[PDB]
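Sequence order for the protein chains is A and B. Take the first sequence: its letters are residues 29 to 225, 230 to 639, numbered as in the UniProt record's numbering. Take the second sequence: its letters are residues 29 to 225, 230 to 639, numbered as in the UniProt record's numbering.
There are 2 protein chains.
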Amino acid sequence: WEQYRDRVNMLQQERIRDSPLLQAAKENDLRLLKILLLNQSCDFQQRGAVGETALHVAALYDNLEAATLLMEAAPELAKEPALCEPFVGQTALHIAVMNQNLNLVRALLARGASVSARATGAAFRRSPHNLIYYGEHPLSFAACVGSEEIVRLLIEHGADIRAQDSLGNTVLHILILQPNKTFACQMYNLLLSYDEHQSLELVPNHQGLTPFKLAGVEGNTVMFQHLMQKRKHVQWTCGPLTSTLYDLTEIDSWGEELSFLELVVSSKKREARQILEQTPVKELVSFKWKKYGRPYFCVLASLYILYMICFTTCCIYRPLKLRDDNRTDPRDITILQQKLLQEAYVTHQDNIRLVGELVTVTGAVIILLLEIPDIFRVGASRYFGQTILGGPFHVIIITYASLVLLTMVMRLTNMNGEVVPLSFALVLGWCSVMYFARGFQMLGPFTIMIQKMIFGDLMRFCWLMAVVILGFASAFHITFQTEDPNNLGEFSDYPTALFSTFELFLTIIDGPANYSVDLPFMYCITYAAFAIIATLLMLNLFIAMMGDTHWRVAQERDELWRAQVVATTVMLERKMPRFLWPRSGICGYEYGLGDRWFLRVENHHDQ
Amino acid sequence: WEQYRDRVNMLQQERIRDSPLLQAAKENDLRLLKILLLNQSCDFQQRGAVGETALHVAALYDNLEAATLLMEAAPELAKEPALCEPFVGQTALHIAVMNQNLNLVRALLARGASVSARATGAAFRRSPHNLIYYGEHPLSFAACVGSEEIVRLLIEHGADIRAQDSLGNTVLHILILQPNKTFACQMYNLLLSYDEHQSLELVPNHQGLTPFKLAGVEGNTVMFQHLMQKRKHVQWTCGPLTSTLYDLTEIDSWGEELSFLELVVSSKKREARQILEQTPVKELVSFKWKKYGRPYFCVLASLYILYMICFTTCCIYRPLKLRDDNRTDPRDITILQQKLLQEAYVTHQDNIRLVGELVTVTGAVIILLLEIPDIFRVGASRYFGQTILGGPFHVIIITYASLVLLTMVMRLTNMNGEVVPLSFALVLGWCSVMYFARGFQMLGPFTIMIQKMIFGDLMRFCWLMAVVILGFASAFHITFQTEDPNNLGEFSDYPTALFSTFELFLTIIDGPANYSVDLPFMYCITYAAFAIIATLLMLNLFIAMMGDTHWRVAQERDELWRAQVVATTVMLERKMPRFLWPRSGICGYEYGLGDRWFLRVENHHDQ
Ligand SMILES: CCCCCCCC(=O)OC[C@H](COP(=O)(O)O[C@@H]1[C@H](O)[C@H](O)[C@@H](OP(=O)(O)O)[C@H](OP(=O)(O)O)[C@H]1O)OC(=O)CCCCCCC
Ligand SMILES: CCCCCCCC(=O)OC[C@H](COP(=O)(O)O[C@@H]1[C@H](O)[C@H](O)[C@@H](OP(=O)(O)O)[C@H](OP(=O)(O)O)[C@H]1O)OC(=O)CCCCCCC
């Protein structure tokens, strides 16, 4: 593990401490080095425990004048890579570029080291184990550290820009993925020009992303705003206001299945959620929502509630029969039972609701056969991804469909006790209509706030409430097991005591007492202790937690509405048929331009 | 007292005002001084009411040229200390160093005053009565005031650095204990070098602390960060990231019983709680918690709850017998009684739970015989110290053990009324499991918040609630003592009225009324006054207090979690056996180094 890295590092340092010749590199004493160079017995192939050469340590501890004599020992020394596990092999260039000393790199290129050699060690690949990521070429190091006078010097001696890597990242993806973008942006601009003398941009990696889409998904707005300016074309400017027109061949991504908007909304990182507030995408999504999305969404919502009221009104009329035998005991109340199937349908009044039952079962099967082919396309863990996409409103629909499908099978075989699935479906169907609050201006924050409140806060709190009610439940049960149950009906057996003390915890039911009899002695002090340890403070603390959760979400509603807006738009455009949705933008073919799509916008900004 | 200091100060000033010769010192007139020096009758041994000499007052009121003539009166004058109670004795150096005039100190050292003399007065020892603390040597004054040109001048004439004191503090402890650390740090660095030409650091005081441990416990982070840099050793630095390795012979304190972490967490001062966020200790405690503590803690918690459910399920089945005699009156409800011991165990169903009873009593005695030898080691007041250590979770465990131990003695002697200790144990055992919320990320703040809320806030508020319920209790009792108790059962006798009005204060029970009869006249207006003076405002004020207590703790949870983490770690490492816990760090013996332990860490910080 990391303890293995510990061990190999200290082993490397003690093996450096061992041998005197390679010690004289880091010691940097010229006289001992000249004496050792005088001897024949002093080899030139001494090697550390990790794969090493004398040139490596001399370049590592920043001694150029101590290395220029070892240049004249043998020119072989610049060509042997390491041979070990953690560092699979690195030449002297990989160490020498990162220290930026120009003279040592000039000496190594004068001797004739390999201009390009790939190095794939355990400490080089991208992972959260390491601290840096740079790629596997000397040009990648020279670019990303930010020394242009070694970039041009190394591009002069070869090292083509179009060169792939493990995981298939070119130099441009490396430059996009880094921090400190204000210094790397102009260097990106400088680096692109040398190859122009498919272009460099259009080649993807193994995952399937162009660098433009990568800069979209990784969440950096600075160089995105920079990179948009190449596609810009200026129109006339008269007085204060100006007019521009943007190219739209790669933002919309028409012919491709994997679009850009769906890719940028469904991202793990937070900062990508910001980049929808830039202009040439915000104007697009606002136009597409204002012109097409809202009527289709409102029609769909109206149809859904008109389905659900028909389900309720065909549910409430169900056939019943007078009970066979009389109650042979007290402690029971039941006077009707379930009717049998053969005598069920006799009349016209019975005949009407059969149409409603067929409508409900047809709606159930058609809503079942729509979400199940969705999850095979992307993956089960991704479809239940996070709250902006709408997972917890998508699980309840298929659960409702499964229960209302099971109800028919339970009805046909004449089974008693069909009240349970019908009751679960009747509560879930009305609680599931809350998903249609996306499409308004002032309800989306409320539904996302109650979702975050029920899944984030109560589940990490319920344990303390559970143990503090269970203790007093057992106490109140054992104090009342020697009295008449006719006089005080609560705390009779064990589960009724548990349910009653849970109800008494939430101040709903009132405290039981009687004045025609006498109660025992422990009950008063235990009830007073329960009243001042569970009712007063343990509930107000949770209410204060609830208010503090509300305050954090209530600041950024104007930013949080638009993300679920565009997610609803892209999903509804994907599932609906093709003929209803036309294209977007302007067709540039008739106006003299060739086979592209454009958008335009004007601005009052100058003075 | 301090009035005695008042009296001795004004008495000293009026005795200075009395005699003319010593008055001419503070007056600083040369002609009268020369006239008095001309006489033989003018003594040189005039003395104040407090022990004094003419040289003392002349040095105190900053007159050097008025003192250089009295130098030639007699060279004896620089050698007599005071002889009194508040200032037990001070030479002229003790006053002269604090005023920083170089020439007077040069004259006194030219005459040959004592270079080192110890002064232990009532106004010199460390106490919250005084305002300053400096030690008992002229070198201590010269160091702590911050004049290096008198430090080197006085170290040139002797005054060894290795010199103890009352309470056994060297010069280094004096320099650590002071404020204004930015000026004293470089002087500490300067002062350490002169003795190097056991070292000075390793000698402790009478309480048993080295200066490193003292700087730990007193809570100053600046010079701790300074003093750590001596032990640092640098490894290779390549590119942006660097690597270092820290020495660990004195932080961990392996062989000693009194460790450093236990000493620094159990401190009265607040600021020490900060110093766990420095790097070479935070990395250590995070590694030790992530690798070893959590599995042992989770196993222990699982075993404890599996014990407690067995206790509850062997508690709920207890033997009972039908009552002997019928109820000869109303106002009573009881139909079962306690079974006698001789007829208790007849059957296999009775035979099963005896194993559970033996398991509970064995667990009780083994949990009793573990916390009692702890309190003899450190002291009773210290084991119940404060909330981070866990006092109020340690008192309830031994109280539970005592009650469940008493239950057996009450059962064997056939005593009636064994419901009371069993009920107290059954509520305390389940409320005591809340201690195991230390080991999670998001429950520690909640348990510390409810602890602070119940011990800090309610106890200082309950008095007002008590008197305002007692008044209305007595009023409602005296208004209803002339009516039939069959019609309105509350307020019958005095304690039922008190309990019922306490229940009505907290809005739990509903307000009693009847409509088949007529009530008296005072009841309506007294009930309305009670409803708008006790229910509405007096409760919402306490709820607002509760919210304001929550807000203060909810800011610093990320700092407050780690202290109880490391306290749990050090306690669990102390009590568990030796074989399960290995050492920490790296053994430096095989790598060429000699018999020390090291840790390493790397950093991406430079650019
Ligand atoms: C059948 C398959 C079932 C799939 C179920 C699908 C489960 C599912 O999709 O929702 C999971 C839930 C959703 O939240 P989400 O995926 O968006 O991810 C973040 C997570 O909720 C963090 O708790 C929040 O951190 P914080 O507020 O900043 O502090 C963060 O808010 P913010 O960063 O935007 O501000 C959230 O965005 O994430 C959890 O909380 C897991 C911890 C649960 C804790 C449970 C403790 C017991
Ligand atoms: C059998 C022996 C029994 C041993 C019992 C053992 C008793 C026991 O161990 O807890 C005592 C309790 C614990 O608090 P603790 O010891 O940590 O000390 C501080 C004390 O609580 C202050 O009230 C707080 O000041 P403030 O919040 O800043 O304003 C401070 O908070 P903060 O500084 O961290 O912010 C606390 O840290 O201290 C009291 O309140 C005593 C006053 C009681 C008042 C009672 C009034 C009637």
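We put the beta carbon where it would ideally sit given N, CA and C, even for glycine.
- Residue ranges of uninterrupted alpha helix (DSSP H) with 4 or more members, entirely inside the region 399-432 of chain B and ordered along the chain, are 412-415.
- Distance from the Cα of A/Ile407 is smallest, within the candidate group A/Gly395, A/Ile398, A/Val427 and A/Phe468, for A/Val427.
- Using a Cβ-Cβ cut-off of 8 Å, A/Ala563 counts as an interface residue toward chain B, since at least one Cβ of chain B sits closer than that to its own.
- The nearest non-hydrogen atom of ligand 2 is 7 Å or more from the C-beta of B/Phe425.
- Fewer than three pairs of CB atoms, one per stretch, sit closer than 8 Å, so the region 350-363 of chain A makes no contact with the region 499-512 of chain A.
- The DSSP-derived three-state label of A/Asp279 is strand.
- Close partners of A/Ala576 in chain B (Cβ separation under 7 Å): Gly579 and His582.
- As computed with DSSP, A/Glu634 is found in a beta bridge with A/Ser275.
- For A/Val266, the three-state secondary structure derived from DSSP is strand.
- For A/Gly617, the closest C-alpha among the options A/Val317, A/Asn127 and A/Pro109 is that of A/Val317.
- Taking 8 Å as the CB threshold, A/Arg492 lines the interface with chain B.
- A Cβ of chain A is located within less than 8 Å of the beta carbon of B/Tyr623.
- A/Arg470 counts as buried, since no fewer than 16 other beta carbons sit within 10 angstroms of its beta carbon.
- With a threshold of 8 Å between beta carbons, A/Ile123 makes contact with chain B.
- Following the DSSP letters along the chain, one finds B/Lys54 inside the alpha helix (DSSP H) bounded by residues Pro48 to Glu55.
- A/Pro424 has its alpha-carbon roughly 16 Å from the corresponding atom of A/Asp489.
- Using beta-carbon distances, B/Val36 does not count as an interface residue toward chain A, since no partner is under 8 Å.
- Here A/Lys209 is not bridged, per DSSP, to any residue.
- For the pair B/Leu205 and B/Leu220, the Cα-to-Cα distance works out to about 16 Å.
- Here the alpha carbon of B/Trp321 sits roughly 10 Å from the alpha carbon of B/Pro327.
- At least one C-beta of chain B is nearer than 8 Å to the C-beta of A/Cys556.
- Membership of B/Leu368 in the beta strand (DSSP E) is indicated by the continuous run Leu368 to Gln370.
- Taking 8 Å as the CB threshold, B/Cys270 lines the interface with chain A.
- One alpha carbon belongs to B/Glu522, the other to A/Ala545, and they sit about 10 Å apart.
- DSSP places A/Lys62 in the uninterrupted alpha helix (DSSP H) bounded by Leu58 to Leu66.
- Taking a Cβ-Cβ cut-off of 7 Å, the neighbours of B/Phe531 in chain A comprise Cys556, given in sequence order.
- Closest in alpha carbon position to A/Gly395, among A/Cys342, A/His258, A/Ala147 and A/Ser298, is A/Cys342.
- Closest by C-alpha distance to B/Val451, out of A/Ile307, A/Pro552 and A/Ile540, is A/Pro552.
- Taking a Cβ-Cβ cut-off of 7 Å, the neighbours of B/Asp542 in chain A comprise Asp542, given in sequence order.
- Closer than 7 Å to some heavy atom of ligand 2: that describes the Cβ of B/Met491.
- Rounded to whole angstroms, the gap between the alpha carbons of A/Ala576 and B/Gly579 is 6 Å.
- In the DSSP assignment, A/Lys353 falls within the beta strand (DSSP E) that extends over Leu352 to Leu354.
- Per DSSP, B/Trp613 has no beta bridge partner at all.
- Annotation: B/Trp629 has no Cβ neighbours in chain A at a cutoff of 8 Å; minimum Cβ distance is about 13 Å.
- In the DSSP assignment, A/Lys245 falls within the unbroken alpha helix (DSSP H) covering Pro243 to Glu250.
- Judged by DSSP secondary structure, A/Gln596 falls within the alpha helix (DSSP H) whose first and last residues are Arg589 to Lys607.
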